[PDB]
Structures are given as C-alpha cells and as structure tokens.
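S.K.: To start, I am sharing the structure in question, which I have written as structure tokens.
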Amino acid sequence: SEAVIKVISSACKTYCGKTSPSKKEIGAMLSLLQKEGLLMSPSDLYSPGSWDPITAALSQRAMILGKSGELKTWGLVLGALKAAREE
Ligand SMILES: O=P(O)(O)O[C@@H]1[C@H](O)[C@H](O)[C@@H](OP(=O)(O)O)[C@H](OP(=O)(O)O)[C@H]1O
C-alpha cells in the first residue's frame with residue numbers, strides 16, 4: 001500500500017537490476033490485485049501458494065482482453081520472490 005512496494009523494490013533490484021519494476025508500476029498492479037479479489041492485502045505477496053490463481057488470471061486477461069498492463073508487473077515481482085523463497 002506504501003511500504004510493501006519498497007520492501008519489494010529493493011528486493012527486485014538485486015534479482016533483476018535496472019530491469020526491475022518501478023514504484024508507480026507495482027503500486028498500480030497492487031490496486032488491481034485487490035479489486036479483482038485475487039488478494040485481500042498487499043502482504044499477500046508473501047504467499048507463494050497463491051501465485052497460481054494470481055498468475056493464471058493475469059495471463060488469462062492479457063491473452064483474452066489483449067493487455068498485460070498488470071502481467072508485466074506480476075512476472076517481474078514474481079521472478080524476484082520466486083528466487084527469495086528458493087535460497
Ligand atoms: O529506491 P528504489 O529501491 O530504486 O525505488 C525507486 C524509488 O521509489 C524512487 O523514488 C522512484 O522514483 P518515483 O517516486 O518518481 O516513481 C523509483 O521509480 P522510477 O524508477 O520510475 O524513477 C523507484 O524505482
């Protein structure tokens with residue numbers, strides 16, 4: 001909502017670098033992950049067991065509707081966490 005965005009911003013800067021998402025991107029993606037009912041809180045990102053219903057949906061709306069405005073953010077925020085929960 002304001003802090004979590006920074007907790008993941010500094011994280012993706014070590015697992016992605018300059019390619020990492022911005023503060024304005026994640027912030028927008030979050031609001032969408034809360035409106036779609038896919039998430040109840042911004043801390044839900046700490047649940048690697050919910051990335052399934054959150055990855056298929058985003059990839060479903062993008063492939064269908066024809067827009068991955070939120071996917072580009074999810075994939076990035078995920079590519080980092082996925083590595084943080086592997087070590
Ligand atoms: O310090 P970090 O961990 O590198 O995170 C950056 C920080 O939040 C900056 O204030 C922000 O500039 P804005 O508040 O103007 O968005 C930038 O977005 P940006 O890369 O699009 O400039 C973020 O990436």
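By convention in this document, the chains of the structure tokens carry letters A, B, ... by their order, each chain's residues are numbered from 1, and ligands are numbered from 1 in the order they are shown.
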Which residues are close to residue A:44, i.e. within 12 Å by only C-alpha atoms, leaving aside same-chain residues fewer than 2 positions away? Reply as JSON, numbers by chain.

M.R.: {"A": [1, 4, 30, 33, 34, 37, 38, 39, 40, 41, 42, 46, 47, 48, 49, 50, 51, 54]}

S.K.: Around ligand 1, at most 10 Å away and counting only C-alpha atoms and all ligand atoms, which residues are there? Put them as a list in words, please.

M.R.: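 Sorted by chain and then by number, the residues are residues 2, 5, 6, 7, 8, 9, 10, 11, 12, 13, 14, 17, 18, 19, 20, 21, 22, 23, 24, 25, 26 and 27 of chain A.
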
S.K.: So which one's closest to residue A:82, A:36, A:45, A:28, A:64? Using only C-alpha atoms, please.

M.R.: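 Looking at the shortest contact to residue A:82, the residue is A:45.
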
S.K.: If you count only C-alpha atoms, which residues fall within 6 Å of stretch 67-81 of chain A, apart from same-chain ones fewer than 4 positions away, as a list in words?

M.R.: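 After dropping sequence-adjacent residues, the list is residues 12, 15, 29, 58 and 62 of chain A.
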
S.K.: Taking only chain A into account, list the residues labelled helix (DSSP H, G or I) by DSSP (computed from the backbone), as a count of residues only.

M.R.: 62

S.K.: Rounded to one decimal, what separation in Å do you get between atom CA of residue A:85 and atom CA of residue A:35?

M.R.: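 Pair atom CA of residue A:85 / atom CA of residue A:35 returns 26.1 Å.
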